[PDB]
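**Student:** Dropping a structure here in structure tokens format, bear with me for questions.
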Amino acid sequence: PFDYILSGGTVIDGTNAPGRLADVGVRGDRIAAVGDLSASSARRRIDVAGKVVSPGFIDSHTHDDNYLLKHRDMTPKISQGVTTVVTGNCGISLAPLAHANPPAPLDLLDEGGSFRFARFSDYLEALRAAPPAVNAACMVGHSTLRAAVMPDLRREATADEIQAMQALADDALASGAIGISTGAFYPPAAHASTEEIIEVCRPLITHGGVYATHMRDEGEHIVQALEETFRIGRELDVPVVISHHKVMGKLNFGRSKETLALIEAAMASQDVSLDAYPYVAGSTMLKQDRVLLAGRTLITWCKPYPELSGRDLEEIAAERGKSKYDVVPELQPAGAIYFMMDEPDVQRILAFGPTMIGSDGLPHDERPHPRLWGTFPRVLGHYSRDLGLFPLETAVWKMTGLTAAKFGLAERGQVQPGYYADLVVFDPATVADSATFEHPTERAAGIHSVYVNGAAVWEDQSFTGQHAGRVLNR
Ligand SMILES: [Zn+2]
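Going from the sequence shown to the numbering used here is simple: count from 1 and add 294.
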């Protein structure tokens, strides 16, 4: 007999097909059957009339590396329907690095002494021994590798340093990492050359992993950064994933037309993917950057002056008699939210066929960007239903089947017999992001229940206590 059947709802199967009335039966960690299951014995037949049963949402871009260890409930994600997270993005991974004061932006993962894993395998073992509520597909970050190996980050790595970093990356992949990410936009890797990145990432071909990247620049020089990324992909001969695609700064508004055209052209000749979050503001370390600081900027946390959390940086700066750019050093380390994108570009990028959804949530932040709690329902409700940017099945595909295919997460991302029972039950009419910039931790509406490997992890608007997630391999 099946353990349970989600009966009477509409199945949106993750393959980008209009929903159809069908039941979903689960046995253990697997979807046993899909269709009219009235004739199948089941221990429970759960009524989900009026709801959609879809595959669990796979987050396209997280910084949950440490959150998985410290807050196993993973409430910000499971409350949104997320069942799997891709970690170790933008060159930032929790492991391998034993360091009491890692360089920003690695601090976005730190709760205080969190960087304690000398080997990547140590980190994966900790996850497997105390599993989180969601599955984890983990990448190793090139900036973490530089921090672990280089005595001086302000220059290109020597061959010896490249050898040490490549060895750590190869061990990580052998242990289960699904790829390597870079973020040369950030200080720890700003001096890394294209060749350094290529040499450290060589093992991806041998292990069948992916190359993910926070491009070197996402503004004035985004074409050069895209070309660098495509070149790295061709040299590595592995799939590339462009993280949180955007065009930032007023001088670049509207340029999504140009960037998406370059990406679409590259996709015709090499393997390229991209993801994005559904908002007009970014968030990361507080950084002295003319473009990030051009517009409205809010502080998310601040080490030297904790009282600044939540404040408007222009006010802080002006009261200190400085521009935002000049006041930044005295406030570091800190985090911020930057209103530097334009709605038409965000919509064009979200609607671009291949764009996967990634929240880019920064879970340890005191006053976080709402994308941490509202990304997926914002796409399903606001964008799909309310604005009609894409039909619901396409919005679901962009956070399920597409993502599972690009990251190579076998037997996940689709409601198919034999696949793992990572599932979401949501009300298409009411699903909505409730988190706002003012109240960024509000739980989404319309998420009825969420299942990971067949076990309910979210029910009655609460974590069930099921630590059902698994560390995944490509
Ligand atoms: Zn990034």
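Ideal Cβ placement from N, Cα and C applies to all residues, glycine included.
Leaving out five residues on either side along the sequence, give the residues of the same chain with a beta carbon under 8 Å from the beta carbon of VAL328.
**Tutor:** Cβ neighbours of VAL328 beyond the five flanking positions: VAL305, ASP307, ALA316, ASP317, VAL318, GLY319, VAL709, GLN710, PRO711.
**Student:** Residues in its own chain within less than 6 Å of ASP569 by CB, not counting five upstream and five downstream?
**Tutor:** Once the five neighbours on either side are set aside, the close Cβ partners of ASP569 are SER354, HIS355, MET650, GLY652.
**Student:** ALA451 to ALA478, Cα distance in whole Å?
**Tutor:** Distance between the alpha carbons of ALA451 and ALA478 is about 13 Å.
**Student:** Sorted by chain position, which residues of the same chain lie with C-beta nearer than 8 Å to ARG338's C-beta, five sequence neighbours on each side aside?
**Tutor:** Excluding positions up to five away in sequence, the list reads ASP297, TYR298, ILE299.
**Student:** In its own chain, which residues sit with a C-beta less than 6 Å from the C-beta of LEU418, not counting the 5 before and 5 after it?
**Tutor:** Excluding positions up to five away in sequence, the list reads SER469, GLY470, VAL765.
**Student:** By how many angstroms is the C-alpha of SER301 removed from the C-alpha of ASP330?
**Tutor:** Each residue's alpha carbon lies about 9 Å from the other.
**Student:** When we look at the beta-carbon of residue 287 and count the other beta-carbons within 10 Å, is it buried (16 or more) or exposed?
**Tutor:** As shown, the chain starts at 295 and ends at 768. That puts residue 287 outside it, with no answer to give.
**Student:** Could you check how far apart the C-beta atoms of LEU703 and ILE352 are, in whole angstroms? I think they sit under 8 Å.
**Tutor:** With a Cβ gap of about 7 Å, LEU703 and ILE352 count as contacting.
**Student:** So is the beta-carbon of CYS384 under 7 Å away from any non-hydrogen atom of ligand 3?
**Tutor:** Ligand 3 is absent from the structure shown, which contains only ligand 1.
**Student:** Rounded to whole angstroms, what's the CA-CA distance from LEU402 to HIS436? Just pull it up for me.
**Tutor:** Rounded to whole angstroms, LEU402 to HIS436 spans 15 Å at the Cα level.
**Student:** How about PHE757 and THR507: are their beta carbons less than 8 Å apart?
**Tutor:** No, they are not a contact pair.
**Student:** Under 8 Å: do the stretch 738–756 and the stretch 364–383 share three or more Cβ pairs, one atom per stretch?
**Tutor:** At 8 Å Cβ cutoff, the stretches touch.
**Student:** Among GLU613, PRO685, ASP659, which one has its Cα closest to the Cα of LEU644?
**Tutor:** The candidate whose alpha carbon is nearest that of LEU644 is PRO685.
**Student:** Which value, in whole angstroms, describes the spacing of the CA atoms of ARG590 and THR488?
**Tutor:** About 33 Å.
**Student:** Spatial neighbours of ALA336 within its chain, please: C-beta separation below 8 Å, excluding the five flanking residues on both sides.
**Tutor:** Same-chain partners within the cutoff: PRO295, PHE296, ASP297, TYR298, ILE299, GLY319.
**Student:** Report all residues from its chain with a CB closer than 6 Å to the CB of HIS501; omit the five preceding and five following residues, and keep chain order.
**Tutor:** Cβ within range, chain order: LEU467.
**Student:** When you compare only the Cα positions, how much space is there between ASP583 and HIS733?
**Tutor:** Those two C-alpha atoms are separated by around 27 Å.
**Student:** Taking the alpha carbon of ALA723 as the reference point, which residue from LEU530, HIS676, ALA750, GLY382 has its own alpha carbon closest?
**Tutor:** Out of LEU530, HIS676, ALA750, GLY382, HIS676 has the C-alpha closest to the C-alpha of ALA723.
**Student:** Using the Cα positions of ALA739 and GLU522, report the straight-line distance between them to the nearest angstrom.
**Tutor:** Answer to the nearest angstrom: the Cα atoms are 41 Å apart.
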